[PDB]
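The figures here come from the full heavy-atom set of this structure, side chains too, leaving out hydrogens, waters and symmetry mates. Convention: sequence-line order gives letters A, B, ...; per-chain numbering from 1.
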Amino acid sequence: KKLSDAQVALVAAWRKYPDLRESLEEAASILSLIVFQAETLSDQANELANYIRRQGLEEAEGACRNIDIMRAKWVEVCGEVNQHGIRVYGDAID
Amino acid sequence: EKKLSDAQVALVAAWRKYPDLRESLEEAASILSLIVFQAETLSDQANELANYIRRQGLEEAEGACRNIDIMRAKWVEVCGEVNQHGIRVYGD
């Protein structure tokens with residue numbers, strides 16, 4: 001149920017069967033790209049929600065709470081990249 | 001060129017060819033699916049927030065809104081778009 005489980009399964013695959021490497025490293029590359037684009041948009045959405053709240057635009061606060069909730073759910077599945085460029089999960093996040 | 005559907009069938013072809021892989025790689029496929037769905041849920045929410053901003057005519061955040069549009073369009077290049085009949089379809 002974590003992004004890391006998926007990463008490890010791909011690698012385990014072409015470790016065990018090397019003929020799958022080119023293909024599965026391709027799949028890993030796409031999963032990596034998808035996670036990156038998602039986190040890019042999520043950060044932008046978070047910045048938009050900060051704008052809303054800082055401006056006192058309470059009419060949109062529900063959608064902002066939704067965004068908060070969606071980000072927290074995402075981090076559970078995918079963790080968070082720390083200051084050193086390392087993706088970490090749970091209490092390792094702080 | 002880099003497409004979600006490409007990733008998804010790479011997994012299926014793998015366990016097709018080596019059934020001992022099905023448990024782990026189908027789990028992997030399920031996680032990739034869940035990631036796409038969660039991202040698309042947030043994206044749609046972000047879109048409606050930009051929609052609200054633009055209906056208020058708030059120019060201060062128009063830049064962020066146009067960034068959202070740019071990101072949603074790049075996403076559809078990779079992951080396609082679900083049409084009204086539930087079929088994920090990729091730009092032609």
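The number of heavy atoms from other shown groups lying within 6.0 Å of CZ (B:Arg16) does not exceed 12. Environment of CD in B:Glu23: sparse, with no more than 12 heavy atoms of neighbouring residues, nucleotides or ligands closer than 6.0 Å. Summarising the local packing, CZ of A:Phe36 is surrounded by 12 or fewer heavy atoms from other residues, nucleotides or ligands at distances under 6.0 Å. Atom CZ of B:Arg54 has more than 12 heavy atoms from other residues, nucleotides or ligands within 6.0 Å. Within a 6.0 Å sphere centred on NZ of B:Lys2, heavy atoms belonging to other residues, nucleotides or ligands number more than 12.
Considering only heavy-atom pairs separated by less than 4.5 Å from chain A, the leading option among B:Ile68, B:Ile53, B:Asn47 is B:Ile53. Listed options B:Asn67, B:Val9, B:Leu42 were ranked by heavy-atom pairs under 4.5 angstrom with chain A; first place goes to B:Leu42. Each of B:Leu21, B:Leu4, B:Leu49, B:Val78 has some count of heavy-atom pairs under 4.5 Å with chain A, and the biggest count is that of B:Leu49. The most heavy-atom pairs under 4.5 Å with chain A, out of B:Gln56, B:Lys74, B:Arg72, come from B:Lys74. Annotation: maximal heavy-atom pairing with chain A below 4.5 Å, among B:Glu48, B:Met71, B:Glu27, occurs at B:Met71.
Linking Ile, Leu, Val, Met, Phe, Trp and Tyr whenever their side-chain heavy atoms come within less than 4.5 Å puts B:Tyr18 and A:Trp14 in one cluster. The cluster map of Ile, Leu, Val, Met, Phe, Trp and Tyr, joined by side-chain heavy atoms under 4.5 Å apart, puts B:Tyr90 and B:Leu32 in the same cluster.
Only the backbone of B:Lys3 comes within less than 4.5 Å of a heavy atom in chain A; its side chain stays farther off. Of the atoms belonging to A:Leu24, it is side-chain heavy atoms, and not backbone ones, that fall under 4.5 Å from chain B. With a threshold of 4.5 angstrom between heavy atoms, A:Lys16 approaches chain B through side-chain atoms but not through N, CA, C or O. For B:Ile31, the part lying near chain A is the side chain, with the backbone staying farther off; criterion is any non-hydrogen pair under 4.5 Å.
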- Task: Mind running side-chain contact (heavy atoms from CB on, under 4.5 Å) on A:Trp74 and B:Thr41 for me, showing each step along the way?
- Result: CA-CA 11 Å; A:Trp74 177 270; B:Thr41 301; over 6 Å; no

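Minimum heavy-atom separation, A:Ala9 to B:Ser24: CB-O, 3.8 Å.
Once rounded to the nearest 0.5 Å, the distance linking SG of A:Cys78 with CG of B:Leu34 reads 8.0 Å. From B:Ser43, atom OG reaches atom CD of A:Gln44 across 11.5 Å, with rounding to the nearest 0.5 Å.
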